[PDB]
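Here's the structure, in structure tokens; my notes come after.
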Amino acid sequence: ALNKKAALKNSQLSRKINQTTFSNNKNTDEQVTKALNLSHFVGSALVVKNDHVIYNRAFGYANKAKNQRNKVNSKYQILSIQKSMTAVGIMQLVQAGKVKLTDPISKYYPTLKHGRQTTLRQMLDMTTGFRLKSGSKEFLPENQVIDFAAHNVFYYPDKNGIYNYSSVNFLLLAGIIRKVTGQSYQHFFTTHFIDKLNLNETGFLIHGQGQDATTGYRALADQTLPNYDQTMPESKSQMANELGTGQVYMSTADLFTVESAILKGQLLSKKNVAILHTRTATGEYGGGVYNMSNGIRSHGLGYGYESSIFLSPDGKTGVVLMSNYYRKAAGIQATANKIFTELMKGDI
């Protein structure tokens with residue numbers, strides 16, 4: 001219907017994006033702003049080159065009703081980009097000698113009837129046959145979010161060992177962090193990421209964003225322009241059910257800091273970062289990110305938000321775009337991809 005039309009409009013936007021020039025004898029602000037304006041971007045945009053911020057600008061409204069404009073320090077949902085952080089949490093446990101990537105899931109989830117042999121390595125690479133079709137419709141504490149998933153997950157033998165995206169893999173990994181450490185995931189995340197890296201605009205949505213908050217907006221089918229006519233709800237249960245997988249908010253700077261710190265070896269040895277970030281035979285995905293010849297990427301979608309990061313192998317050069325106004329017909333990822341490609345060539 002309009003669904004199909006929206007995919008087509010987005011293809012056409014990617015076309016116009018991909019055919020924009022980009023020269024380094026022209027002002028960075030002007031060129032990036034032109035590309036963001038093409039997609040009618042709403043949110044905040046960060047471009048870093050050899051660790052220097054070269055573009056940092058916000059567009060549209062954090063909360064239109066309250067006349068609050070998005071700011072460079074606005075907070076957005078990182079969504080699935082949190083999986084890369086859960087992945088690093090697991091590999092920290094590997095480095096500390098507390099788990100192995102060859103461990104079978106049945107070591108941690110003894111009640112599972114099928115897929116018991118599935119390794120932690122496979123869960124980290126999206127090469128498992130597990131799927132959770134939906135979480136609990138009522139708010140559950142972490143231990144019960146984990147219990148729900150372990151008892152409600154499907155297993156598909158056809159999908160064992162081949163890349164197929166399934167979020168429950170990372171919820172279950174978060175439950176393994178809980179079991180091994182005896183800590184909550186929220187506490188683990190706070191000490192290992194928030195405290196460690198001095199993140200001041202990072203937290204869990206279930207506890208509120210505080211200052212510089214944003215509101216998620218709902219687009220009607222096939223719309224490209226932001227009208228802010230409808231907010232997108234997210235219940236407490238939906239936030240709880242994103243344990244390990246998409247329950248965190250960050251500023252663009254805080255997201256860049258985490259992903260960069262990972263690659264620079266600040267949280268985990270460079271050797272273990274490389275072991276973690278290893279693609280598979282069937283997919284670029286490995287260890288919670290997509291692995292490319294020219295760095296990593298991760299993308300998130302939900303609750304009216306979209307998030308995107310592209311980052312160079314050494315962590316010093318990249319693009320973060322986050323939006324509180326997802327539109328299928330005006331996605332942000334192709335824009336971030338093009339900026340990153342140009343940035344890595346030397347064209348900015």
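Just so we're on the same page: first chain in the structure tokens is A, next is B, and so on; residues restart at 1 for each chain, and ligands are numbered from 1 in the order they show up.
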
From segment 22-168 of chain A, collect each residue whose DSSP state is helix (DSSP H, G or I) and return the set as a PyMOL selection string.
chain A and resi 28-38+79-95+105-107+120-125+142-152+157-159+168

Which residues come within 8 Å of residue 95 of chain A, counting only C-alpha atoms, excluding same-chain residues fewer than 4 positions away, as a ChimeraX atom specification?
/A:91,268,272

Using only C-alpha atoms, what does the table of segment 65-162 of chain A residues within 9 Å of segment 183-196 of chain A look like, with each row giving the shortest atom pair and its distance in Å to one decimal, sorted by chain and ascending number, as a tab-separated table?
```
residue	atom	partner	partner_atom	distance
A:85	CA	A:189	CA	8.3
A:86	CA	A:189	CA	8.2
A:89	CA	A:192	CA	7.9
A:142	CA	A:184	CA	7.3
A:143	CA	A:184	CA	8.5
```

Could you turn the residues from that selection into a file that holds C-alpha atoms, as a PDB file, in the first residue's frame?
```pdb
ATOM      1  CA  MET A  85      27.774  -2.720  23.973  1.00  0.00           C
ATOM      2  CA  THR A  86      26.152  -5.893  25.253  1.00  0.00           C
ATOM      3  CA  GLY A  89      30.189  -6.800  27.999  1.00  0.00           C
ATOM      4  CA  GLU A 142      14.989  -7.842  34.598  1.00  0.00           C
ATOM      5  CA  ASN A 143      15.019 -11.423  36.007  1.00  0.00           C
TER       6      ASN A 143
END
```

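Taking atom CA of residue 310 of chain A as the reference point, atom CA of residue 8 of chain A is found at 24.0 Å.
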
Quick one: residues within 8 Å of residue 209 of chain A, only C-alpha atoms counted, chain neighbours fewer than 4 positions away excluded, as a list in words?
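The residues satisfying every condition are residues 75, 203, 204, 205, 213 and 249 of chain A.
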
Could you please write out, as a ChimeraX atom specification, every residue of segment 164-299 of chain A that DSSP assigns to strand (DSSP E)?
/A:203-204,248-250,285-286,289-292,295-299

Go ahead and save the picked residues with N, CA and C atoms, as a CSV table (one decimal), in the first residue's frame.
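New file again_9.csv:
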```csv
chain,number,residue,atom,x,y,z
A,203,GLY,N,21.8,7.1,29.6
A,203,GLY,CA,21.0,6.5,30.7
A,203,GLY,C,19.9,5.5,30.1
A,204,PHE,N,19.1,5.0,31.0
A,204,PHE,CA,18.0,4.1,30.6
A,204,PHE,C,16.7,4.8,30.5
A,248,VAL,N,18.3,2.3,25.9
A,248,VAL,CA,19.3,3.3,26.4
A,248,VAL,C,19.1,4.6,25.5
A,249,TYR,N,19.3,5.7,26.1
A,249,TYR,CA,19.4,7.0,25.4
A,249,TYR,C,20.8,7.5,25.5
A,250,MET,N,21.3,8.2,24.4
A,250,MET,CA,22.6,8.9,24.4
A,250,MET,C,22.5,10.1,23.6
A,285,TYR,N,27.9,-9.3,9.8
A,285,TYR,CA,27.6,-9.1,11.2
A,285,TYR,C,28.6,-10.0,12.0
A,286,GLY,N,29.2,-9.4,13.1
A,286,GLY,CA,30.0,-10.2,14.0
A,286,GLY,C,30.3,-9.5,15.3
A,289,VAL,N,28.2,-5.8,15.7
A,289,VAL,CA,28.3,-4.8,14.7
A,289,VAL,C,28.4,-5.4,13.3
A,290,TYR,N,28.1,-4.6,12.2
A,290,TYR,CA,28.4,-5.1,10.9
A,290,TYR,C,29.9,-4.6,10.6
A,291,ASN,N,30.7,-5.6,10.1
A,291,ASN,CA,32.1,-5.4,9.8
A,291,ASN,C,32.3,-5.2,8.3
A,292,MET,N,32.9,-4.1,8.0
A,292,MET,CA,33.1,-3.8,6.6
A,292,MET,C,34.6,-3.6,6.4
A,295,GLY,N,35.5,-0.2,8.1
A,295,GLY,CA,35.1,0.0,9.5
A,295,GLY,C,33.9,-0.8,9.9
A,296,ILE,N,33.2,-0.2,10.9
A,296,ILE,CA,32.0,-0.9,11.4
A,296,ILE,C,30.7,0.0,11.2
A,297,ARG,N,29.6,-0.6,11.2
A,297,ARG,CA,28.3,0.2,11.2
A,297,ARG,C,27.3,-0.6,12.0
A,298,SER,N,26.4,0.2,12.6
A,298,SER,CA,25.3,-0.3,13.3
A,298,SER,C,24.1,0.7,13.1
A,299,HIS,N,22.9,0.2,13.2
A,299,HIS,CA,21.7,0.9,12.8
A,299,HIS,C,20.6,0.4,13.7
```

List the neighbours of segment 150-164 of chain A out to 6 Å using only C-alpha atoms; skip same-chain residues closer than 5 positions along the sequence, and give me the result as a compact mmCIF listing (two decimals) with C-alpha atoms, in the first residue's frame.
```txt
# COMPACT_ATOMS: atom_id res chain seq x y z
CA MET A 126 23.14 -13.41 14.74
CA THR A 127 23.76 -16.96 13.48
CA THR A 128 21.22 -18.71 15.73
CA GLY A 129 17.81 -20.22 15.12
CA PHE A 130 16.21 -18.53 18.15
CA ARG A 131 13.41 -15.97 17.80
CA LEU A 132 11.16 -14.22 20.34
CA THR A 282 27.24 -15.66 5.69
CA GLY A 283 27.21 -12.09 6.98
```

For residue 206 of chain A, find every residue with an atom within 7 Å (counting only C-alpha atoms), except residues of its own chain fewer than 2 positions away, and show them as JSON, numbers by chain.
{"A": [204, 208, 236, 239]}

Once you have the residues from the selection above, write them out as a PDB file, in the first residue's frame, restricted to N, CA, C and O atoms.
```pdb
ATOM      1  N   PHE A 204      19.075   4.999  31.023  1.00  0.00           N
ATOM      2  CA  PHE A 204      17.996   4.092  30.640  1.00  0.00           C
ATOM      3  C   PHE A 204      16.678   4.836  30.536  1.00  0.00           C
ATOM      4  O   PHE A 204      16.283   5.558  31.446  1.00  0.00           O
ATOM      5  N   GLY A 208      13.664   7.864  32.771  1.00  0.00           N
ATOM      6  CA  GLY A 208      13.519   9.231  32.292  1.00  0.00           C
ATOM      7  C   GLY A 208      14.823   9.783  31.711  1.00  0.00           C
ATOM      8  O   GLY A 208      15.917   9.429  32.151  1.00  0.00           O
ATOM      9  N   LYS A 236       6.082   1.130  29.399  1.00  0.00           N
ATOM     10  CA  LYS A 236       7.074   0.634  30.334  1.00  0.00           C
ATOM     11  C   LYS A 236       7.473  -0.796  29.996  1.00  0.00           C
ATOM     12  O   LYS A 236       8.641  -1.129  30.039  1.00  0.00           O
ATOM     13  N   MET A 239       9.903  -0.831  27.091  1.00  0.00           N
ATOM     14  CA  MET A 239      11.258  -0.458  27.512  1.00  0.00           C
ATOM     15  C   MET A 239      11.945  -1.593  28.289  1.00  0.00           C
ATOM     16  O   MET A 239      13.109  -1.930  28.041  1.00  0.00           O
TER      17      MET A 239
END
```

Proximity to residue 324 of chain A - best of A:64, A:279, A:338, A:100, only C-alpha atoms
A:64

Would you kindly return, as a PDB file with N, CA and C atoms, in the first residue's frame, each protein, DNA or RNA residue with an atom no farther than 10 Å from any atom of residue 240 of chain A, considering only C-alpha atoms and excluding same-chain residues fewer than 4 positions away?
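Wrote it out as out_6.pdb, contents follow:
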```pdb
ATOM      1  N   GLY A 135       7.642  -9.928  23.510  1.00  0.00           N
ATOM      2  CA  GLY A 135       7.798  -9.966  24.948  1.00  0.00           C
ATOM      3  C   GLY A 135       6.462  -9.824  25.674  1.00  0.00           C
ATOM      4  N   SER A 136       6.548  -9.829  27.000  1.00  0.00           N
ATOM      5  CA  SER A 136       5.410  -9.656  27.885  1.00  0.00           C
ATOM      6  C   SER A 136       4.747  -8.299  27.648  1.00  0.00           C
ATOM      7  N   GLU A 138       3.112  -6.934  29.977  1.00  0.00           N
ATOM      8  CA  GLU A 138       3.148  -6.259  31.264  1.00  0.00           C
ATOM      9  C   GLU A 138       4.593  -6.028  31.687  1.00  0.00           C
ATOM     10  N   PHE A 139       4.815  -4.940  32.428  1.00  0.00           N
ATOM     11  CA  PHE A 139       6.155  -4.596  32.867  1.00  0.00           C
ATOM     12  C   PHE A 139       6.688  -5.668  33.813  1.00  0.00           C
ATOM     13  N   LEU A 140       7.929  -6.111  33.564  1.00  0.00           N
ATOM     14  CA  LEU A 140       8.577  -7.171  34.319  1.00  0.00           C
ATOM     15  C   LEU A 140       9.952  -6.694  34.738  1.00  0.00           C
ATOM     16  N   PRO A 141      10.396  -7.017  35.970  1.00  0.00           N
ATOM     17  CA  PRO A 141      11.794  -6.782  36.357  1.00  0.00           C
ATOM     18  C   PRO A 141      12.746  -7.648  35.520  1.00  0.00           C
ATOM     19  N   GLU A 142      14.020  -7.260  35.510  1.00  0.00           N
ATOM     20  CA  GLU A 142      14.989  -7.842  34.598  1.00  0.00           C
ATOM     21  C   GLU A 142      14.946  -9.367  34.655  1.00  0.00           C
ATOM     22  N   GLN A 144      12.693 -11.387  35.273  1.00  0.00           N
ATOM     23  CA  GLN A 144      11.483 -11.933  34.676  1.00  0.00           C
ATOM     24  C   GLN A 144      11.446 -11.659  33.181  1.00  0.00           C
ATOM     25  N   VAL A 145      12.095 -10.583  32.712  1.00  0.00           N
ATOM     26  CA  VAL A 145      12.224 -10.350  31.272  1.00  0.00           C
ATOM     27  C   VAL A 145      13.041 -11.501  30.691  1.00  0.00           C
ATOM     28  N   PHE A 204      19.075   4.999  31.023  1.00  0.00           N
ATOM     29  CA  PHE A 204      17.996   4.092  30.640  1.00  0.00           C
ATOM     30  C   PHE A 204      16.678   4.836  30.536  1.00  0.00           C
ATOM     31  N   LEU A 205      15.999   4.664  29.396  1.00  0.00           N
ATOM     32  CA  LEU A 205      14.773   5.394  29.131  1.00  0.00           C
ATOM     33  C   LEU A 205      13.740   5.172  30.241  1.00  0.00           C
ATOM     34  N   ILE A 206      13.721   3.985  30.863  1.00  0.00           N
ATOM     35  CA  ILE A 206      12.688   3.641  31.851  1.00  0.00           C
ATOM     36  C   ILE A 206      12.788   4.578  33.056  1.00  0.00           C
ATOM     37  N   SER A 235       5.507   2.040  25.931  1.00  0.00           N
ATOM     38  CA  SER A 235       5.102   1.640  27.263  1.00  0.00           C
ATOM     39  C   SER A 235       6.307   1.223  28.097  1.00  0.00           C
ATOM     40  N   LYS A 236       6.082   1.130  29.399  1.00  0.00           N
ATOM     41  CA  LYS A 236       7.074   0.634  30.334  1.00  0.00           C
ATOM     42  C   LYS A 236       7.473  -0.796  29.996  1.00  0.00           C
ATOM     43  N   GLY A 244      19.202  -5.157  27.148  1.00  0.00           N
ATOM     44  CA  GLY A 244      20.381  -5.512  26.390  1.00  0.00           C
ATOM     45  C   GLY A 244      20.340  -5.142  24.916  1.00  0.00           C
ATOM     46  N   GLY A 246      18.089  -2.333  23.272  1.00  0.00           N
ATOM     47  CA  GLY A 246      17.562  -1.062  22.805  1.00  0.00           C
ATOM     48  C   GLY A 246      16.720  -0.298  23.822  1.00  0.00           C
ATOM     49  N   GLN A 247      17.285  -0.076  25.025  1.00  0.00           N
ATOM     50  CA  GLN A 247      16.614   0.527  26.167  1.00  0.00           C
ATOM     51  C   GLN A 247      17.348   1.786  26.667  1.00  0.00           C
TER      52      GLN A 247
END
```

Pick from A:252, A:117, A:293, A:245: nearest to residue 46 of chain A, with only C-alpha atoms counted?
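Comparing A:252, A:117, A:293, A:245 against residue 46 of chain A, the winner is A:252.
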
With a distance cut-off of 8 Å and only C-alpha atoms, select the neighbouring residues of residue 226 of chain A, excluding the residue or stretch itself and same-chain residues fewer than 5 positions from it, and output the selection as a PDB file with N, CA and C atoms, in the first residue's frame.
```pdb
ATOM      1  N   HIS A  40      15.168  15.598   4.812  1.00  0.00           N
ATOM      2  CA  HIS A  40      14.317  16.260   5.792  1.00  0.00           C
ATOM      3  C   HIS A  40      14.632  15.727   7.199  1.00  0.00           C
ATOM      4  N   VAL A  42      15.437  15.162  10.954  1.00  0.00           N
ATOM      5  CA  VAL A  42      15.084  15.687  12.259  1.00  0.00           C
ATOM      6  C   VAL A  42      15.916  14.901  13.282  1.00  0.00           C
ATOM      7  N   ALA A 219       5.155   8.901  12.166  1.00  0.00           N
ATOM      8  CA  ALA A 219       4.805   9.299  10.812  1.00  0.00           C
ATOM      9  C   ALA A 219       3.628   8.459  10.317  1.00  0.00           C
ATOM     10  N   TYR A 325      12.352  11.144  14.769  1.00  0.00           N
ATOM     11  CA  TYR A 325      11.226  11.274  13.855  1.00  0.00           C
ATOM     12  C   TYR A 325      11.486  10.353  12.665  1.00  0.00           C
TER      13      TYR A 325
END
```

Between A:50, A:278, A:63, A:337, which one has atoms that come closest to residue 314 of chain A, using only C-alpha atoms?
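Once distances to residue 314 of chain A are computed over only C-alpha atoms, the minimum belongs to A:50.
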
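Considering the residues A:165, A:340, A:256, A:61 and counting only C-alpha atoms, residue 217 of chain A has its shortest atom-to-atom contact with A:61.
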
Min atom-atom distance to residue 261 of chain A from the set A:58, A:88, A:105, A:120, counting only C-alpha atoms, belongs to A:88

Length of the atom CA of residue 9 of chain A to atom CA of residue 225 of chain A vector [Å]:
11.9 Å
